[PDB]
């Protein structure tokens, strides 16, 4: 779709995180890995269903133009959504533990130190946690 270059670079960034072997095609295996890393439990048939829905050319994998059409098509309830993925407390704060859990689930095997370090740089008021404003701030927007 017709978005800004910054938007396109962002979606390429997301795409590259799905496409772990870098061949330019997201497979059901690759989609399954991402989803499961984020706490979801899709079946193989459900993964094929998801790929099929996005796979506009029928080759059984998702390329970048197909992924872009997906991401391209109210506009700030998804920032809370992202925060929600981290705040498993629904207590309004991402803890060191909660961030650690997500970040490690995503393959970034961080030591408790690196985690605490990450928390320390994001934490603007110093309460030991990351609230909604500190989160959006790290996102940039």
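Numbering follows the first chain given and starts at 1.
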Per the record, the count of deposited residues between residue 73 and residue 74 that have no coordinates is 4 to 9
Can you tell me which stretch has the higher mean Cα B-factor, 111 to 119 or 76 to 84?
111 to 119
Of the two stretches 60 to 68 and 88 to 96, which shows the higher Cα B-factor on average in the entry?
88 to 96
Determine, from the deposited record, the chain-internal third of the Cα B-factor for residue 125: lowest, middle or highest.
highest
So where's residue 131 on the chain's Cα temperature factor ranking, which third?
highest
